[PDB]
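As structure tokens, one chain now follows by itself in the form deposited in one PDB entry.
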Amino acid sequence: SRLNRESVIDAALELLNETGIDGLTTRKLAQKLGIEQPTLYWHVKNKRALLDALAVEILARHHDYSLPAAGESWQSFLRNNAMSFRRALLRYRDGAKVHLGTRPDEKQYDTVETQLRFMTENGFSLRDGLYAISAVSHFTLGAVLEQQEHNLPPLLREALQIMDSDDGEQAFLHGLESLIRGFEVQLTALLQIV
């Protein structure tokens, strides 16, 4: 009903959009829900617990492309996986920061495992496959963060105007392709001086 995981999180995500990750207090959460702080405490011990639940919920609820489809190329996977992660992180104010601050839940563990098994199955060593998975996450996280926080040099007047027109998807997608291709030339490289 009013106080159970379901509503507590719905209300939390909603509150998150209203005041950001910093303005988010168990105090104001209690008020939004319309209950006394100790009633809330019983269900949510503190902000850390709250954020932890929001992070996994943000992903589960919106990172629909967390795991690959049988018969899909690793390139398509990493690409689609990165887009879904970005969109998921962008759905909520400070989403990226909420993610960044949470220690990976076991839901994420079986997820990474699968993805990693996938990469290895594509001729990727555990090391390089993990590196790839990480480079993609790192780059996606950095892009979303930059995007969520946000006299003139001539060239920049032009460059800037390309950032000021689109919402940063193009630049991300382009960078994404360059990232993926870097892995391609690496995989196909084997024991060569590539």
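Residue numbers here begin at 1 and follow the sequence given. For the two forms, the rigid core is made up of the largest set of C-alpha atoms that agree within 1.5 Å on superposition.
A second form of this protein, the form deposited in another entry, is not displayed here; the remarks below concern that form.
- Comparing the forms between the shown form and the other one, the C-alpha position of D110 differs by 2 angstroms or more, with the core used for superposition.
- Relative to this form, the distance between the C-alpha atoms of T102 and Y131 is reduced by at least 3 angstroms in the other entry.
- Pairwise change in the other entry: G101 and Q31 C-alpha atoms lie farther apart than in the shown form, at least 3 Å.
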